[PDB]
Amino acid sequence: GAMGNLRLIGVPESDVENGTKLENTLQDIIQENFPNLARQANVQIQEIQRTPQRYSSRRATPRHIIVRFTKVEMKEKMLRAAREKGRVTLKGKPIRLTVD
């Protein structure tokens, strides 16, 4: 629930996901949905991870991804843009960005 965190909801899990792929996923989301942010290239995402760190035998749904921004203002800008845009996509499939 940190001020600089958002949750990325609905990204399918993958057995071959790694840190590089997660960084690329966030950049793909920005480029697919938020062209002014993409052009400016000043989203300073600091850490990106699935939560929790393990996928349990009880879990039924893909884990959220927590994205921690360097700037709280930028977290909030992305959240506001997502909410106003409505449908936000990753390879044409809907995802959600929400507060942590």
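Residue numbers run from 1 along the displayed sequence.
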Given 39-47 and 58-66, the range whose Cα B-factors average higher in the PDB entry: 39-47
Where the record places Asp15 (Cα B-factor, split into thirds across the chain): highest
Among modelled residues of the same chain, the CA temperature factor third for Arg96: lowest
Where the record places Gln31 (Cα B-factor, split into thirds across the chain): lowest
Lowest, middle or highest third - CA B-factor, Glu76: lowest
Comparing against every modelled residue in the chain, figure out the third that the C-alpha B-factor of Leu90 lands in (lowest, middle or highest). middle
